[PDB]
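**Student:**
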Amino acid sequence: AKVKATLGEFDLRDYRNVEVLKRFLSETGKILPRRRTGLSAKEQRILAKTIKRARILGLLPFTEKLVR
Amino acid sequence: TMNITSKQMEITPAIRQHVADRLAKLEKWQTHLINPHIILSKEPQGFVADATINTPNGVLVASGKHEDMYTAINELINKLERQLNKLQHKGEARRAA
Amino acid sequence: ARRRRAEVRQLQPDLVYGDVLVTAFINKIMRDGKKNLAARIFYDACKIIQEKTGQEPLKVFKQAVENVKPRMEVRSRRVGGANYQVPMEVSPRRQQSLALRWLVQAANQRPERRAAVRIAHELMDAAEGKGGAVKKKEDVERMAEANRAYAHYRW
Amino acid sequence: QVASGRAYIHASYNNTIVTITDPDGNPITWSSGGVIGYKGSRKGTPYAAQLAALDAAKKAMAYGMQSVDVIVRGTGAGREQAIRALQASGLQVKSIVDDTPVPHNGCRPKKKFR
RNA sequence: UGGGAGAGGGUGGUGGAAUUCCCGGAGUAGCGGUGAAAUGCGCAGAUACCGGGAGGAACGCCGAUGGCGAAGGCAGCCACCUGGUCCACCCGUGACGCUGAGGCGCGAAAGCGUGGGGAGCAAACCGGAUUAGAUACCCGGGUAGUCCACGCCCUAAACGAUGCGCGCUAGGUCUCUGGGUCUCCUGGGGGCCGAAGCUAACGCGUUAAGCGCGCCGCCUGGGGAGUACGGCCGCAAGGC
Ligand SMILES: [Mg+2]
Ligand SMILES: [Mg+2]
Ligand SMILES: [Mg+2]
Ligand SMILES: [Mg+2]
Ligand SMILES: [Mg+2]
Ligand SMILES: [Mg+2]
Ligand SMILES: [Mg+2]
Ligand SMILES: [Mg+2]
Ligand SMILES: [Mg+2]
Ligand SMILES: [Mg+2]
Ligand SMILES: [Mg+2]
Ligand SMILES: [Mg+2]
Ligand SMILES: [Mg+2]
Ligand SMILES: [Mg+2]
Ligand SMILES: [Mg+2]
Ligand SMILES: [Mg+2]
Ligand SMILES: [Mg+2]
Ligand SMILES: [Mg+2]
Ligand SMILES: [Mg+2]
Ligand SMILES: [Mg+2]
Ligand SMILES: [Mg+2]
Ligand SMILES: [Mg+2]
Ligand SMILES: [Mg+2]
Ligand SMILES: [Mg+2]
Ligand SMILES: [Mg+2]
Ligand SMILES: [Mg+2]
Ligand SMILES: [Mg+2]
Ligand SMILES: [Mg+2]
Ligand SMILES: [Mg+2]
Ligand SMILES: [Mg+2]
Ligand SMILES: [Mg+2]
Ligand SMILES: [Mg+2]
Ligand SMILES: [Mg+2]
Ligand SMILES: [Mg+2]
Ligand SMILES: [Mg+2]
Ligand SMILES: [Mg+2]
Ligand SMILES: [Mg+2]
Ligand SMILES: [Mg+2]
Ligand SMILES: [Mg+2]
Ligand SMILES: [Mg+2]
Ligand SMILES: [Mg+2]
């Protein structure tokens, strides 16, 4: 069920695109591992950097409670 | 109570009592020294002091060898101390996990 | 023991009731392999429990057995630096044994002078939930109940 | 008196405390391994959490409590058991959210935790 | 001349999680802590829960057998200043090279001076346990310090226990980062397994501990001893 697949062409450096980005967060809000995003090394680094900027802006969470 | 055997040797009540005095070093650990037995013997190369003692947590069995009888009695005591202390503290060894 | 489980010995039924259990309980009355005497005392007791209570030895005895069966017990297991009393369910084999052992034991703590009487009585009292044997079961059962907290520590 | 509220389960390796609040967050009642009757390390067990969650929920129901939201903090033994008990209590349990606090590498832990 | 990756370095800003303390609320009989306890805290209202505030410190997930640096080391995010390095083009210089006694610089932590700062942690220190005893380990406290600026100290299992540069000697596989005709090939880096060969063995093996040249540093039985004396450095501790 790798995320990279379930999306079309997108910008990895685009930090305002919350709708794309928010899919790479665990339901707890954490940045997802390479094994779940299907990203390579080089791309995954660009991801994490722009997710972090995004949380700074208010668009993405730093943490989310776990519901059951 | 404490019993001493002198095998193929003549020993004095003095030497006997000196053994009681060295053995008391074991009372340090504060546990019941039950029917301790000391055996003294003269091998070709020096004297031998053997002892067998039961305590609530086990048995002390050990033997000293030295050209000098007094020195062997002491080496006996060391071996006995080490065993007795190993008895008294080995149980504490695994309170975690 | 170490290799495979133990096999419960099948007892020979008693010739006054054909009952596997009266056998076992006889045996627990037996000192020094003197089984005949052990039967006498038992059977004598039954005579008594018939006389003093007009109903069946067998029916009575079998109750005082069910009433002394411990359902739970504590068995010890050192964890860390404490010896915990763990609560455990008792297998019916052990339940029986305990019941029989205790019945005899409780009875032999009684003051009446003749072995036959004491048995008769302990059984009477236990069929009615009274007496040392039942008291052993409750102590044992309370003990296990109290230690309910350590139930997950069980093997 | 209030019909719906919150149930917080503070579950640590030594203990379980459960406090029941109102919807706004203010406590109505609370219990723990200590209140249910144990001292020492027994407070930390699942059976401890159980009596604590029951006795906590039971006292609440007598204030008219009926539905609760369950909040869980800690990774103690008697955690999951504490949750069982709230469900089995006679209380509704609309939700169960785990909000255990974890730092994003903050203060240096005590030595025992390194 | 085009490009690239990176926790490389310095400065300035700046975000959320958590801990602590304070304020407000609500609530009551315990909390905490261990192998089990006790000290400790708590009806003078603690713990647990909600809202507000204060302050310092470290940046969870991403995160890796990853990356960068000569080493020590370097990790939230943003901008500025700045080093190293790799690739492609095969355009310029024309042996301008290698190493390097001295010298100079940098150098974890602890420590030191002057001034800040101080939430958490914590040498010393108090107390509770454990224990035969327990100047410890475990528990409750706790001051330097840990943090910032500036100046010192100059050590280390500062390790790959492996000095630097060059050339030569099978490959297999995993990986980071480039450039391709992008199946695959070609560089630069990080691991594993191995040809030859080495090696006392263990193991090493195009990241050599193989085969060779250059230069440097070092060893020559254990202890005494990294001690003494001397000299040089240092505020001292102490260093060479
Ligand atoms: Mg012998
Ligand atoms: Mg015994
Ligand atoms: Mg009895
Ligand atoms: Mg506890
Ligand atoms: Mg308050
Ligand atoms: Mg009052
Ligand atoms: Mg608050
Ligand atoms: Mg040219
Ligand atoms: Mg050079
Ligand atoms: Mg030099
Ligand atoms: Mg330094
Ligand atoms: Mg420092
Ligand atoms: Mg310092
Ligand atoms: Mg200072
Ligand atoms: Mg002390
Ligand atoms: Mg003491
Ligand atoms: Mg102490
Ligand atoms: Mg301490
Ligand atoms: Mg502290
Ligand atoms: Mg303080
Ligand atoms: Mg000072
Ligand atoms: Mg000082
Ligand atoms: Mg190393
Ligand atoms: Mg290196
Ligand atoms: Mg060296
Ligand atoms: Mg050199
Ligand atoms: Mg060399
Ligand atoms: Mg490549
Ligand atoms: Mg390419
Ligand atoms: Mg490197
Ligand atoms: Mg390579
Ligand atoms: Mg690496
Ligand atoms: Mg190899
Ligand atoms: Mg070979
Ligand atoms: Mg290779
Ligand atoms: Mg060699
Ligand atoms: Mg020498
Ligand atoms: Mg010196
Ligand atoms: Mg030195
Ligand atoms: Mg000098
Ligand atoms: Mg040196």
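Chains as they are written, first to last, in the UniProt record's numbering: chain A, 20 to 87; chain B, 2 to 98; chain C, 2 to 156; chain D, 13 to 126.
Just so it is clear, CB atoms sit at the ideal spot from N, CA and C, and this is done for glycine as well.
Cβ of residue 51(B) within 7 angstroms of any heavy atom in ligand 1?
**Tutor:** Flag set: Cβ of residue 51(B) near ligand 1.
**Student:** Determine, using beta carbons only, whether residue 85(A) comes closer than 8 angstroms to chain D.
**Tutor:** Chain D contact via Cβ: present.
**Student:** Taking the alpha-carbon positions, what's the residue 172(B) to residue 65(B) distance?
**Tutor:** Since the first residue of chain B shown is 2 and the last is 98, residue 172(B) is not available in this structure.
**Student:** Distance cutoff 8 angstroms, beta carbons only. Does residue 58(D) sit that close to anything in chain C?
**Tutor:** For residue 58(D), the answer is yes, since a Cβ of chain C falls inside 8 angstroms of its Cβ.
**Student:** Is the segment 16–24 of chain B touching the segment 64–80 of chain B, taking contact as three or more C-beta pairs under 8 angstroms?
**Tutor:** The segment 16–24 of chain B vs the segment 64–80 of chain B: in contact.
**Student:** Between the segment 4–13 of chain B and the segment 26–44 of chain B, do three or more beta carbon pairs fall short of 8 angstroms?
**Tutor:** The segment 4–13 of chain B, when compared against the segment 26–44 of chain B, does touch it at the 8 angstroms Cβ threshold.
**Student:** Check whether the Cβ of residue 94(B) lies closer than 8 angstroms to any Cβ atom in chain C.
**Tutor:** Residue 94(B) does not count as touching chain C.
**Student:** Let's see if you can read the secondary structure: which residues bound the beta strand (DSSP E) around residue 77(A)?
**Tutor:** No beta strand (DSSP E) holds residue 77(A); DSSP gives it neither H nor E.
**Student:** What residues in its chain sit with their C-beta under 6 angstroms from that of residue 103(D), if we drop five residues either side in the sequence?
**Tutor:** Within the same chain, residue 103(D) has close Cβ partners 69 and 80.
**Student:** Which residues in the same chain as residue 84(C) place their Cβ atom closer than 6 angstroms to its Cβ, once the five residues preceding and following it in sequence are excluded?
**Tutor:** Around residue 84(C): 77.
**Student:** For residue 131(C) and residue 57(C), I'd like the C-alpha separation in whole angstroms.
**Tutor:** Taking the straight line from one Cα to the other gives about 19 angstroms.
**Student:** Taking the alpha carbon of residue 99(D) as the reference point, which residue from 121(D), 82(D) and 53(D) has its own alpha carbon closest?
**Tutor:** Ranking the options by Cα distance to residue 99(D), first place goes to 82(D).
**Student:** Taking the alpha-carbon of residue 27(C) as reference, which of 59(C), 9(C), 3(C) and 54(C) has the nearest alpha-carbon?
**Tutor:** Out of 59(C), 9(C), 3(C) and 54(C), 59(C) has the C-alpha closest to the C-alpha of residue 27(C).
**Student:** In whole angstroms, give me the CA-to-CA distance for residue 91(B) and residue 85(B).
**Tutor:** Roughly 10 angstroms between the two C-alpha positions.
**Student:** Looking only at its own chain, which residues have a Cβ that is under 6 angstroms from the Cβ of residue 37(B), when we skip the five neighbours before and after it?
**Tutor:** Excluding sequence neighbours, residue 37(B) sits near 3 and 54.
**Student:** CB of residue 92(C) to nearest heavy atom of ligand 1: below 7 angstroms?
**Tutor:** No, Cβ of residue 92(C) sits at least 7 angstroms from all heavy atoms of ligand 1.
**Student:** Hey, quick one: how far does the alpha helix (DSSP H) through residue 48(B) stretch, first residue to last?
**Tutor:** Segment 47–56 is the beta strand (DSSP E) holding residue 48(B); no alpha helix (DSSP H) there.
**Student:** Taking only beta carbons into account, state which residues of the segment 58–73 of chain C come closer than 7 angstroms to chain D, listed in chain order.
**Tutor:** From the segment 58–73 of chain C, no residue has a Cβ closer than 7 angstroms to chain D.
**Student:** Check whether chain D comes within 8 angstroms of residue 149(C), counting only Cβ atoms and requiring the distance to be less than that.
**Tutor:** Interface residue, yes.
**Student:** So which residues on chain C does residue 50(D) lean against when the C-beta distance must stay under 9 angstroms?
**Tutor:** The contacting residues are 150.
**Student:** Output needed for residue 50(A): all residues of its chain with C-beta closer than 6 angstroms, excluding positions within five of it in sequence on either side, in chain order.
**Tutor:** 67 and 70, listed in sequence order.
**Student:** Counting Cβ pairs, one atom from each stretch, are 3 or more of them under 8 angstroms apart for the segment 87–95 of chain C and the segment 12–28 of chain C?
**Tutor:** No, because fewer than three Cβ pairs between the segment 87–95 of chain C and the segment 12–28 of chain C fall closer than 8 angstroms, the two stretches do not touch.
**Student:** Within the same chain, show all residues whose beta-carbon is closer than 7 angstroms to that of residue 141(C), passing over the 5 residues directly before and after it, in chain order.
**Tutor:** Answer for residue 141(C): 71 and 74, listed in chain order.
**Student:** Going by the CB atoms, is the gap between residue 134(C) and residue 107(C) shorter than 8 angstroms?
**Tutor:** Taking 8 angstroms as the Cβ cut-off, residue 107(C) and residue 134(C) qualify as a contacting pair.
**Student:** Relative to the alpha-carbon of residue 62(A), which residue among 43(A), 85(A) and 82(A) has its alpha-carbon at the smallest distance?
**Tutor:** Comparing Cα positions, the closest option is 43(A).
**Student:** Using a threshold of 8 angstroms, state whether the C-beta atoms of residue 152(C) and residue 45(C) are closer than that.
**Tutor:** Not closer than 8 angstroms, so no.
**Student:** Just to check my reading of the structure: residue 23(D) and residue 94(D) have Cβ atoms closer than 8 angstroms, yes? What is that Cβ distance to the nearest angstrom?
**Tutor:** That belief holds up - the Cβ atoms of residue 23(D) and residue 94(D) are roughly 6 angstroms apart, short of 8 angstroms.
**Student:** Taking Cβ positions only, does residue 81(D) come closer than 8 angstroms to chain A?
**Tutor:** False, the Cβ-Cβ gap to chain A never drops below 8 angstroms.
**Student:** Look up residue 41(B) in the DSSP assignment and give the residues it is bridged to.
**Tutor:** For residue 41(B), which the question treats as bridged, DSSP gives the partners 7(B) and 50(B).
**Student:** Within the 8 angstroms Cβ cut-off, does residue 19(C) reach chain B?
**Tutor:** So no, residue 19(C) is outside the interface.
**Student:** Whose Cβ in chain C lies nearer than 7 angstroms to the Cβ of residue 73(B)?
**Tutor:** Result: empty, since nearest Cβ-Cβ is about 39 angstroms, beyond 7 angstroms.
**Student:** Please determine, among 21(A), 27(A), 32(A) and 26(A), the residue with the shortest C-alpha to C-alpha distance to residue 73(A).
**Tutor:** Taking only the C-alpha atoms, the option nearest residue 73(A) is 32(A).
**Student:** Looking only at C-alpha atoms, which of 156(C), 82(C), 24(C) and 89(C) sits nearest to residue 93(B)?
**Tutor:** Comparing Cα-Cα distances from residue 93(B) to each of 156(C), 82(C), 24(C) and 89(C), the minimum goes to 82(C).
**Student:** Nearest-angstrom Cα distance between residue 32(B) and residue 58(B)?
**Tutor:** The alpha-carbon atoms of residue 32(B) and residue 58(B) are separated by roughly 9 angstroms.
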